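Peer 1: Turn this into a structure:
(chains A and B, ligands or ions: 1)
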Amino acid sequence: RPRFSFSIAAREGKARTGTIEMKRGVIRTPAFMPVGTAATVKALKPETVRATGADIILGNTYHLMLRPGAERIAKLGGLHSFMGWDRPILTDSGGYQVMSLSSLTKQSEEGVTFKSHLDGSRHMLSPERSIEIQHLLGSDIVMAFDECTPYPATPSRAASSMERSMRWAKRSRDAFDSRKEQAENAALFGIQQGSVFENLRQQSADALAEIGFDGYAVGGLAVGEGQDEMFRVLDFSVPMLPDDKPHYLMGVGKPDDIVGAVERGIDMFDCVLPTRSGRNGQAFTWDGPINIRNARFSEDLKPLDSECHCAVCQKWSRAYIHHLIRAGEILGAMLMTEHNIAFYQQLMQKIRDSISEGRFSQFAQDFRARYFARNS
RNA sequence: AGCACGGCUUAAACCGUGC
Ligand SMILES: [Zn+2]
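Peer 2: Residues are numbered from 1 along each chain as shown, chains lettered A, B, ... in the order given. Okay, here it is:
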């Protein structure tokens, strides 16, 4: 019933576990949100995604805009209906495509005009349009339109991009409030930029706080500066942001990264790793990452992870999946990904449990320990 | 093709190293 209602229920240091209440469902936090870029979480049926424990999936604007197209999905009944996921969905503004598809992109002030990475055509993605697109889709959590600042970057672009991104953060807000159908049902998040310079991360925070958002996300990180630098930034960045609103670290997601970011104060995560690595052949277990393609697993009858409760681990051997993935079989990508996502969820679960038991810091250290041991 | 590995923080059921 409530549009957006963040409510922290426990804390331990800069970390905290809570719940986000939206019209489409409840979101347990800290939470990990699987990435279903083009209206699908690679190799997984919506129900399976839910089966693993995800309360919310993330969809991308840039891609959806091009295919199957904003207006078309809308004409079909909204993304949710289109793909078969009735729980909340968070759509990215496409600010990531501005820095990864930068190749075929031309920046300005009105927005970012780029060429279809497959079609070749031309599209002008503006703060206005991005928010319109996200409205058409029917996304529950709308992300402002930003520009993920590449790394490394001189204090020049570091500020240009940032400042321009804020100007855009305002245009989004306005756009988001222009339609009451969207302002009454969805939520809006703002993205903090400024690379690794704090005096800049400060400005961005303030600019964002002035405008007013339902949730604040730290972006521009995990863009290749190593865990070290990132944590170093999160150390002063997350604190600049409004404490009574959720904090969302975009793109980050690697067991140890997530665990650390939580200690730093993050509430939400979204990342390609689990779903991409599944497809490729890498599985995430309590004993570190393992590449199921290795010769060793050829006759290994144990499951990907003996602690995992996932449906895969309850029924298939390493050797079976070894065989499949290695042979190009699709069932492999299905089992791998289902495992990895279920895993990230179980991880998010355990973190939450610990935070509301005041034993998270203990959890974290026990985690890295066994995680880096790799006695699997 | 294949074998032994490695990376991935959606232009990746993909790429890269060695034989
Ligand atoms: Zn599993």
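Peer 1: mind listing what the nearest residue to residue A:94 once chain neighbours are set aside touches?
Peer 2: Leaving aside its sequence neighbours, residue A:94 sits nearest to residue A:62 (Cβ to Cβ, 6 or more residues apart in numbering; 3.5 Å). C-beta coordinates here come from the backbone N, C-alpha and C atoms, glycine included. For residue A:62, the contact set (Cβ atoms under 8 Å, 6 or more residues apart in numbering) comprises A:92, A:94, A:96, A:97, A:101, A:125.
Peer 1: Quick check: the gap between the first one and residue A:143.
Peer 2: Just to be clear, that refers to residue A:92. 5 Å (Cβ to Cβ, to the nearest Å).
Peer 1: Check chain A for its longest helix and report it.
Peer 2: Counting residues, the longest helix found in chain A (DSSP state H) is helix A:330-355.
Peer 1: Send me the helix or strand just after that helix as PDB with only the CA atoms.
Peer 2: Next along the chain after helix A:330-355, taking DSSP states H and E as the criterion, comes helix A:360-373. Listed next in PDB are the C-alpha coordinates belonging to helix A:360-373 (Å, rounded to 0.1, in the frame of the first residue of the first chain):
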ATOM      1  CA  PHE A 360      27.800  -8.800  11.900                       C
ATOM      2  CA  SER A 361      31.300  -7.400  12.400                       C
ATOM      3  CA  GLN A 362      32.100 -10.900  13.700                       C
ATOM      4  CA  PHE A 363      30.300 -12.400  10.600                       C
ATOM      5  CA  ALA A 364      32.400 -10.300   8.200                       C
ATOM      6  CA  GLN A 365      35.700 -11.300   9.600                       C
ATOM      7  CA  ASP A 366      34.700 -15.000   9.700                       C
ATOM      8  CA  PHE A 367      33.600 -14.600   6.100                       C
ATOM      9  CA  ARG A 368      36.700 -13.100   4.500                       C
ATOM     10  CA  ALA A 369      38.600 -15.700   6.400                       C
ATOM     11  CA  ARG A 370      36.900 -18.800   5.000                       C
ATOM     12  CA  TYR A 371      36.200 -17.000   1.700                       C
ATOM     13  CA  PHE A 372      39.900 -16.300   1.000                       C
ATOM     14  CA  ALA A 373      41.000 -19.800   2.400                       C
END
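Peer 1: and the longest helix of chain A with RNA strand B, contact?
Peer 2: Yes. Counting by Cβ under 7 Å from any atom of the strand, RNA strand B has neighbours in helix A:330-355: A:330, A:333.
Peer 1: all helices in the stretch 1-150 of chain A, in order from the N-terminus.
Peer 2: Along the stretch 1-150 of chain A, counting by DSSP state H, counting those that start in this stretch, helices occupy A:46-52, A:61-64, A:70-76, A:78-83, A:127-137.
Peer 1: Save those as CSV, and put in distance to residue A:154 too.
Peer 2: Converted to CSV, the helices of the stretch 1-150 of chain A look like this (distance: least, Cβ to Cβ, whole Å):
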stretch, distance to residue A:154
helix A:46-52, 41
helix A:61-64, 26
helix A:70-76, 35
helix A:78-83, 38
helix A:127-137, 25
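Peer 1: Out of the ones you listed, which is closest to residue A:1?
Peer 2: Residue A:1 lies closest to helix A:78-83 among these, at 17.3 Å (Cβ to Cβ).
Peer 1: Relative to the whole chain's centre, how far out is that closest one?
Peer 2: Chain-centre distance of helix A:78-83: 19 Å, with Cα atoms, centre = their mean, to the nearest Å.
Peer 1: So which residues make contact with that helix?
Peer 2: Under the criterion Cβ under 8 Å, 6+ apart, residues A:24, A:36, A:39-40, A:46, A:59, A:64, A:68, A:73, A:76, A:86, A:89, A:91, A:137-139 lie in contact with helix A:78-83.
Peer 1: Quick one: check the longest helix of chain A for contact with the ion.
Peer 2: Yes. Interface with the ion: helix A:330-355 contributes residue A:339 (Cβ under 5 Å from the ion).
Peer 1: follow-up on the earlier one: pull out the buried residues from the contacts of helix A:78-83.
Peer 2: Among the contacts of helix A:78-83, those scoring as buried are A:24, A:36, A:39-40, A:46, A:59, A:64, A:73, A:89, A:91, A:137-139 (criterion: 16 or more other Cβ atoms under 10 Å).
Peer 1: Contact residues of the stretch 101-250 of chain A facing RNA strand B?
Peer 2: A:101, A:103, A:104, A:117, A:118, A:222, A:223, A:227.
Peer 1: Can you convert the buried ones among the contacts of helix A:78-83 into CSV and add a column each for distance to the ion?
Peer 2: Compiled in CSV, the buried ones among the contacts of helix A:78-83 are given as follows (distance: Cβ to the ion, whole Å):
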residue, distance to the ion
A:24, 27
A:36, 20
A:39, 25
A:40, 21
A:46, 19
A:59, 25
A:64, 30
A:73, 32
A:89, 25
A:91, 28
A:137, 31
A:138, 32
A:139, 29
